[PDB]
Amino acid sequence: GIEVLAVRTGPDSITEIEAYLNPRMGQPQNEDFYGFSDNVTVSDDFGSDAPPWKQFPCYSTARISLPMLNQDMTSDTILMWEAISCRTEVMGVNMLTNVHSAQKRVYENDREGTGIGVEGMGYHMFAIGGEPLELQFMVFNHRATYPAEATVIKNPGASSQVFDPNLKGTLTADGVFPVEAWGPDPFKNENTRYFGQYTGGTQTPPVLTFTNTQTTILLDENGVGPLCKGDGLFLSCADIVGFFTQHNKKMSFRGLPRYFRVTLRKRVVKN
Amino acid sequence: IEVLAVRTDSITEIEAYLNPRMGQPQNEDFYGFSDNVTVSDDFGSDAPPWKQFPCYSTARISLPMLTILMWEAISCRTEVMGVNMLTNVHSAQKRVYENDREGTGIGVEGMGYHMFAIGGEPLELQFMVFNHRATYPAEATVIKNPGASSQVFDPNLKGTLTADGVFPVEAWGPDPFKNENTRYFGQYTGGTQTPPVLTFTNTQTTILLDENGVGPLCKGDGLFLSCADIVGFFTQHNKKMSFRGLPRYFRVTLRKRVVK
Amino acid sequence: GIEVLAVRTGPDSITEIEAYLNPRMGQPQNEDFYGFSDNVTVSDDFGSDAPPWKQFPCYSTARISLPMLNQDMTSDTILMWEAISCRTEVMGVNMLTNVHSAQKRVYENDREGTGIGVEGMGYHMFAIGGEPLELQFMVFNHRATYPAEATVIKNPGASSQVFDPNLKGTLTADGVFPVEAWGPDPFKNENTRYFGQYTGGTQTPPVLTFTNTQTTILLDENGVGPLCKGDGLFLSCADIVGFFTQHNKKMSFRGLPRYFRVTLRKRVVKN
Amino acid sequence: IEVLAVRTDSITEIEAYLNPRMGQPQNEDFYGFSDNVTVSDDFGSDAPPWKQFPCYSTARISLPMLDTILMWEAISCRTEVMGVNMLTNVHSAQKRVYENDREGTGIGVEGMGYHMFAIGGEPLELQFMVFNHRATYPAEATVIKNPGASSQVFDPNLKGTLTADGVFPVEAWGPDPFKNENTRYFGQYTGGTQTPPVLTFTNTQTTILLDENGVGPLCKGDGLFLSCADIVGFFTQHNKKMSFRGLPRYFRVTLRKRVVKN
Amino acid sequence: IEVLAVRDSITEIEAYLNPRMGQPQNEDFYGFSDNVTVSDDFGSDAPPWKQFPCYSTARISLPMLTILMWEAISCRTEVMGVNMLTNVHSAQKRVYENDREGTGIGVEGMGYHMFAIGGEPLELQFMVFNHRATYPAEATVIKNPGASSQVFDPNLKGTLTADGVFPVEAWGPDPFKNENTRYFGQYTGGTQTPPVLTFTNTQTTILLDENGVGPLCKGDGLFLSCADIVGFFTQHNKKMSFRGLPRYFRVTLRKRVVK
Ligand SMILES: CC(=O)N[C@H]1[C@H](O[C@H]2[C@@H](O)[C@@H](CO)O[C@H](O[C@@H]3[C@H](O)[C@@H](O)[C@H](O)O[C@@H]3CO)[C@@H]2O)O[C@H](CO)[C@H](O)[C@@H]1O
Ligand SMILES: CC(=O)N[C@H]1[C@H](O[C@H]2[C@@H](O)[C@@H](CO)O[C@H](O[C@@H]3[C@H](O)[C@@H](O)[C@H](O)O[C@@H]3CO)[C@@H]2O)O[C@H](CO)[C@H](O)[C@@H]1O
Ligand SMILES: CC(=O)N[C@H]1[C@H](O[C@@H]2[C@@H](O)[C@@H](O)O[C@H](CO)[C@@H]2O)O[C@H](CO)[C@H](O)[C@@H]1O
Ligand SMILES: CC(=O)N[C@H]1[C@H](O[C@@H]2[C@@H](O)[C@@H](O)O[C@H](CO)[C@@H]2O)O[C@H](CO)[C@H](O)[C@@H]1O
Ligand SMILES: [K+]
Ligand SMILES: [K+]
Ligand SMILES: [K+]
Ligand SMILES: [K+]
Ligand SMILES: [K+]
Ligand SMILES: [Mg+2]
Ligand SMILES: [Mg+2]
Ligand SMILES: [Mg+2]
Ligand SMILES: [Mg+2]
Ligand SMILES: [Mg+2]
């Protein structure tokens, strides 16, 4: 319900922020497995499914405080920051050339060859908005009991295995909304742009690109970018690269951090 | 229909979801899945049990009440929702190293079949089957005794998608000889261990205007949405496999069109 | 050597035709395995190679009779139908979601899993022309003895395993020109547009798309579409989806029919 | 060459084919194939026999005879790998999908695709570069002898030109990006041995050969130089012996008369 | 740098960087790593020198020329020697090893292809798979980098100032810096992945930023960097080594007036 008016265009009308989101794969920060999940355990049935904390990835999010542009918030019009473009890069793609660190080998029976490296599912998504990303709760198995550390809808019922219009949330906190339990809500997010790709498998080769030359335009079909409510820019992502497999065949998620550059301009809006 | 001028009050937007109809009933523990797939020994004794195969999803959306005016669908967004759930490799899945009782679950793998249709009347179907001798269950809507020509194109074997969750995906497809008033789109990747590849964004708008600049015209002020979204197979520890589906989001923008 | 003159415009100037071509994978029409080849047998050497009839696919073709637009064919100029655009779709893709019909199972040793469905090579091609598709004879093994039912160059010699400028033909008949022995001739086909893709393997997943929204322009670099000599529109195709594998490991080609919509306009030509 | 006005019968089109040179002799039963590939135990005793490895195809096309002089300028091309249809053959003496059961189709052609072509007004300029510098190439092949360890990466001394058909090994020579000012080249490599081959064909694709300055290859000696290599994969026999399989390439080239300073 | 107008005025350079996969130049395995060994745990992880690839880099001296600077406006780049990967006879594990039959498997596995063109050294972010890895003395790394180095730590910076000693697995381009460099990278992982490479002399990449300004060559130096891991070479005894290829650079520069 924001009435959008004129773009401002002077030499001081554009700002740029840069930010990083570290991955939240499960293992705690400042400890030896930071960037990984704990070794994944698998239930015998849907009824007894209770994934332990640290064994599954959660979304990354941050609110970036922008310069406050309005001396008087009672004026007939105010300025808001409008996100018009971004650059985003998955960082540390270089580290995936490591095939020597405690990895199951290509020829395990012969105790020979390189490590198999990271392989399996890729889940890469990011979102840029003027308010938190709007979520739809949806799970593979509704009878999964998520641990206390996680933010989920408890006892969500059978309808949560597909679309249930009751089961909404917002990405309000870093490292607690499980990736497997929440996704972007296309019924909402009028003030956010999101982008995602899933490549499944457990032996799938990761495919990643990185360049500082690619800009994505964030303007909608009315030429309006995300408008930063309360001078807040919301960045969200998940970057599951695949799995790390140990000699003893235990497997963990590996994630990478994401870079964001967002170019914003001053937009007059009705107040 | 004699189509005259675009009117300009004059624009409306609708949003809808279609849940998948993979075979297991709603409001029960396996909703979103088929029942475990059984395989016949030969084409002559081929009776796929009810709940073991996916069916099309469909709905008619009631549009606001209205020479006549008709709602003309000019653009859409669509999205397969719940892609996020496929990051689950812990729920009762055959493991990567089953012989060692070790590794993640293998997750959902195998065939992707993704189709959607938006029109001003029900989707017109062409009946076509892998094996014409398959005996479909009573619950399913099929052409009985369709004959050998139903394994390829037979101009006689027509239908319309009039009901949700009963038209088998494996027996019906969009009819390219009809559907002048519907746009449809479909992608198929086969296999049983194929990596699923799904994308999601809110930045993709598809224009529904034909070559004459005319969108689907909503007969009886009804907008017809149809889809099927098979994501792949769920494999249990005991190697039983079932279809897994996901729900689809629709946004359609419509405008008032004057017609004769 | 047709001298092309003015395009006719106006409400009488365009016609649209729709047609289907059923696949010719080997098994006879109106019998239980229509849409399939017979089970593929494999030779022990190139010298003894003699593929039986029904075991290999052939090209589909039709000549569509167009409205006869000229009352007098002796006039200094006549009208010809000129194909300017087409839509084409592989029909029946829906059927490949069948993994229950007598298929080798994913876990055959456990008698468990879905069927493996249709997997392996995809060969998809179509042509639209004002005359028969012009062909180049070319074979994997020149010593192959084709059955009497098939149209081939007999005793073609070693040069037929690569390009031999002598080994020309035209796609004059339906369901008899083996796919594996004939391909489009890029030296000819001035009045035909053809398009093809091959994806090999026997375990390769089929990849097919279908929509009623995709139009292919058929005008050449001079703005001239295929001109229908004698009011005949030539449609050709092959749509090998992959193989059907039985429980006993016998394998057969599976094909699908193709839809054509062709938009034609009246073109004046010299006569 | 100082380039002046386009003098545009100012236009000519040529068509040609280059048969592959996979190793087995022409006019004999395995034409299009290599001989069955043998693998060495180590880099120090590595001598790939003649016929077991592919070589580049090349031809010079004689064009219509012609202060300043006229030269033919190639402005566009079509090219096509022909015979893609033959790869639907899964019956000709092929290892079977279920060999232990003596059942299934043949496995067909699978493995690496190496597809390159070049169109120039002089021979394609080459850079010598090899997997293993100690490989002993056969007498039939054109190689740099004793090329040194440098030749496993870039060495500026190790140059050649593609002057003859069917004798420059693909695995020892590639296009030189430091040269080829008067040639356009294009290449694609997909590796492996069981990789699915992917090939397309159409007569609706034309490639523009003009450079940044709007000049196409100028045909020195009124000669048009066509080169290629089209490895589609490996043929596997019942006894697991493997051989390269190649396909011929079509070229159409449109040329116009260009005035140049003599 | 305050950038004024585009100012005889154009120059072109060509260069190659040979790969630094680990085995020494002018010896029989130039282009390869040594055979890769694998640790039993993250705690005892000490990759020997020559078993892992490092970045290649060179500074190109530009012609002697408010001030004027050289501004890189376009490049061509190509991975050379793609032709050599058609070799399936040179001491490779056979397709049917049990039968001592078939071609060699050739080069297979991970592709890492990155290049950068700049007016100063490439700015690096340190990031490693396993922070407890002990890199050998020959390598340039951050010693005892801590758990934060397994993801993004803003304290863990370098610049690519030396050829063949910055491990690819420890350094990547820093998106927080590199305002005067253009970098491009693609990774495809796995150990049995088919390599996919293209080559042509018909592709030119524009190096101008959103303000129409290319890399400005500080001290009249042009900085070229790359890593081109094509995949692994597998011997009959299943030992595996990195295989790299050299990269070609063409760069077009123009004279630019700056304050
Ligand atoms: C053991 C197992 O995996 N059970 C799963 C169950 O499979 C059975 C089910 O698919 C039925 C059809 O509804 O078919 C088979 O059971 C038959 C018979 O129908 C049943 O009554 C008897 O118990 O055993 C028979 C042979 O097993 C399948 O085993 O399916 C459910 C979903 O419907 C769950 O997946 C359950 O884990
Ligand atoms: C058995 C078989 O597959 N035969 C095929 C034949 O393979 C031989 C061929 O590749 C030659 C080199 O020209 O090498 C091997 O044969 C050697 C020797 O050269 C030969 O004279 C002797 O009889 O056998 C030896 C091996 O023990 C290969 O077996 O090659 C042709 C193609 O050239 C056919 O593929 C034939 O089926
Ligand atoms: C023996 C081994 O691989 N140990 C792992 C260790 O695995 C643990 C698992 O065996 C079980 O005991 O649960 C705990 C939960 O924290 C561990 O997952 O995990 C650590 C990293 O967490 C490391 O991978 C060891 O090598
Ligand atoms: C037992 C079996 O799988 N039968 C197949 C049948 O195979 C036949 C083959 O075994 C041999 O006898 O030759 C004939 C040639 O016409 C058959 O190929 O084939 C039919 C299909 O025609 C069917 O697949 C049976 O199940
Ligand atoms: K930006
Ligand atoms: K819309
Ligand atoms: K024969
Ligand atoms: K041409
Ligand atoms: K350049
Ligand atoms: Mg909404
Ligand atoms: Mg119609
Ligand atoms: Mg011709
Ligand atoms: Mg040069
Ligand atoms: Mg910066």
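Below, read A as the first sequence line, B as the second, and so on, with proteins coming before strands; counting in each chain starts at 1. Just the heavy atoms: all of them, side chains too, but no hydrogens, waters or symmetry mates, feed the values below. Numbering of ligands and ligand atoms starts at 1, following listing order.
- Of the listed residues (C:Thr145, C:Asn141, C:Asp44), just one forms a side chain to side chain contact (heavy atoms under 4.5 Å, CB included) with C:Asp49, and that residue is C:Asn141.
- The Mg ion (ligand 13) lies at 2.8 Å or more from every N, O or S atom belonging to D:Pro177.
- Of the protein's heavy atoms, D:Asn36 ND2, 4.1 Å lies nearest to atom 8 (C) of ligand 2.
- C:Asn39 places no side-chain N or O within donor-acceptor distance of the main-chain N or O of C:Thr41, the cut-off being under 3.5 Å.
- Among all non-hydrogen protein atoms, the one lying nearest atom 9 (C) of ligand 2 is D:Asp35 OD1, 3.5 Å.
- At a distance under 4.0 Å, a protein heavy atom can be found next to atom 34 (C) of ligand 2.
- In this structure, atom 4 (N) of ligand 2 has no protein heavy-atom contact shorter than 4.0 Å.
- Under the 4.0 angstrom criterion, atom 14 (O) of ligand 2 counts as lacking any protein heavy-atom contact.
- Electrostatic pairing of D:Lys179 and D:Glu125 does not count as a salt bridge here, judged by no charged N lying under 4.0 Å from a carboxylate O.
- Note: angle at the K ion (ligand 7), from OG1 of C:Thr145 to O of C:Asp49, is 90° (rounded to 10 degrees).
- In summary, C:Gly47 places an N/O/S atom under 3.4 Å from the K ion (ligand 7), meeting the contact criterion.
- Metal site remark for the K ion (ligand 7): C:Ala50 contributes no N, O or S atom at a distance under 3.4 Å.
- Under a 4.0 Å criterion applied to the non-hydrogen atoms of D:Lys241, ligand 2 contributes the atoms 3 (O), 29 (O).
- For atom 27 (O) of ligand 2, no protein heavy-atom neighbour is found at a distance under 4.0 Å.
- Ranking the protein heavy atoms by distance from atom 2 (C) of ligand 2 puts D:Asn239 ND2, 3.5 Å first.
- A salt bridge is defined here as a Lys NZ or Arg NE, NH1 or NH2 lying under 4.0 Å from an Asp or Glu carboxylate O, and E:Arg250 with D:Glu212 fails to meet this definition.
- Side-chain atoms of C:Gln136 never come within 3.5 Å of backbone atoms of C:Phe163 as a donor-acceptor pair (strictly under, hydrogens ignored).
- Close approach of ligand 2 to D:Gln237 (heavy-atom distance below 4.0 Å) involves ligand atoms 2 (C), 3 (O), 34 (C), 35 (O), 36 (C), 37 (O).
- Here's the thing with D:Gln52: none of its N/O atoms is less than 3.5 angstrom from an N/O atom of ligand 2.
- Both the sub-6.0 Å distance and the 45° axial angle are satisfied by C:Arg143 relative to the ring of D:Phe30.
- Under a 4.0 Å heavy-atom criterion, D:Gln24 is in contact with ligand 2.
- For the ring pair (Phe, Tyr, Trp, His ring centres under 6.0 Å) criterion with C:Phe177, the lone passing option out of C:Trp182, C:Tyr146, C:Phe137, C:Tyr59 is C:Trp182.
- Residues D:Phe53 and D:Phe244 come closest through the heavy atom pair CA-CE1, 4.3 Å.
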